[PDB]
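Presented as structure tokens, the chain that follows is alone, the form deposited without this ligand.
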């Protein structure tokens, strides 16, 4: 209504402060989903053949099952984060079977639009897709990146990702010829478990080395595995910031030890971005009259803010002498011979600008906030029924706003189906209600409810 619109201009100034009080909206969600269809594995095996023959030429020259985390993640988005405008899922050519494509708020974005060099679409590597979300048509300036296996809880709000006062919120964790032989080593670890999508520590070390070479030496931690808020403008600045470095990440059809991630690279560039000093900004903020001419009080506050306290009169006299020097080379003051101090006089006197730069050291271009792992759930699910049930009960007793469960099950064990059933039971317990993004389905499905009962009986 018009009353609501006019209520925001009812302050003393009479202006509007929507951009400072009502948080940055809209905010979108981006998912990276993949499926283990027969065509995907066939492309995988031919790519293995190509890489093997490439290595063969190199030393000749020298001479599966997914327990539906996307469904429950979308349910979590609907339940705890109902302020999301649009949800995007990036896939090669696969469309989720149970997603309701008729819903305008969910869209499948193929790799054709995501990638710009159409010769890299059969990439089959998560960092390559991670490097190019911000180029999606219709994406908001600020969006959250979801890794298809992280869920929400405790009614998460955008206040937990970005704040207008302290900037973005950064969550950190534990601190971080012959090349053909190294490439020969990389062909052994291709099938570890990570082609299930969405070799890691080495890449982190490479990014640390690059940032160290450009931003200087600093002890760096790694971001937590949790839904990350990404700014399109900042990410694009990072893209042009290392043009050829991002090419290598997109060029590789295998996640290589030499590439840069989505969170470590984006966040630490945000924390280390240096903005050049603006002399005009200094003059404007010091000049409270906005008249362009400084009085004795403005000169005094300049001297205090340039020099170091305590301020002796010699500092102010020297600053005045420096100011009168420049005028000869190029509302009454105490010193009769001191000319009017305008922006041009202070921005053209080289030693004065040098002292200003000495006082105004390099600031940070973007604000940021740092927090620990008191609100992030990262649990390890490895083939042990007792450990899994204990961890899930720990989740249940104390909910956290960011929940991650790595599904690297052995898949060849007597206690794999039971663990899968327990995980499905936990996911359905957290979020039973079907989401709006799900096609009408799951009729008379009756997933195994006795395996959970079986481990209850065993324990």
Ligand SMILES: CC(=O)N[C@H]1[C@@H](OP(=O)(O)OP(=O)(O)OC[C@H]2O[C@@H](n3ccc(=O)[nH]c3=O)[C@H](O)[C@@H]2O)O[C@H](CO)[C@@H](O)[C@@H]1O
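Numbering follows the first chain given and starts at 1. Here, rigid core means the biggest group of C-alpha atoms that superpose within 1.5 Å across both forms.
Another form, the form solved in complex with this ligand, is not on view; read the next lines as being about it.
Shown here without its ligand, the chain is overlaid with this ligand as it sits in the deposited complex; three or more ligand atoms lie within 2.4 Å of backbone or C-beta atoms, and the site is blocked. Though this ligand is absent from this view, in the deposited complex it lies within 4.5 Å of a heavy atom of just one residue from 140, 208, 125, 168, which is 125. Checked against this ligand in the deposited complex, the candidates 257, 86, 76, 147 yield a single residue with a heavy atom inside 4.5 Å, and that residue is 147.
At a distance threshold of 4.5 angstroms between non-hydrogen atoms, residue 225 is in contact with this ligand in the deposited complex. In the deposited complex, at least one heavy atom of residue 34 sits within 4.5 Å of this ligand. Contact between residue 51 and this ligand in the deposited complex is not found at the 4.5 Å heavy atom cutoff. None of the heavy atoms of residue 242 is located within 4.5 Å of this ligand in the deposited complex. Contact with this ligand in the deposited complex, defined as any heavy atom within 4.5 Å, is confined among 208-216, 102-110, 127-135, 334-342 to 127-135. After superposition on the rigid core, the Cα atom of residue 41 is displaced by less than 2 Å between the shown form and the other one. Superposition of the core reveals a Cα shift of 2 Å or more for residue 410 between the shown form and the other one.
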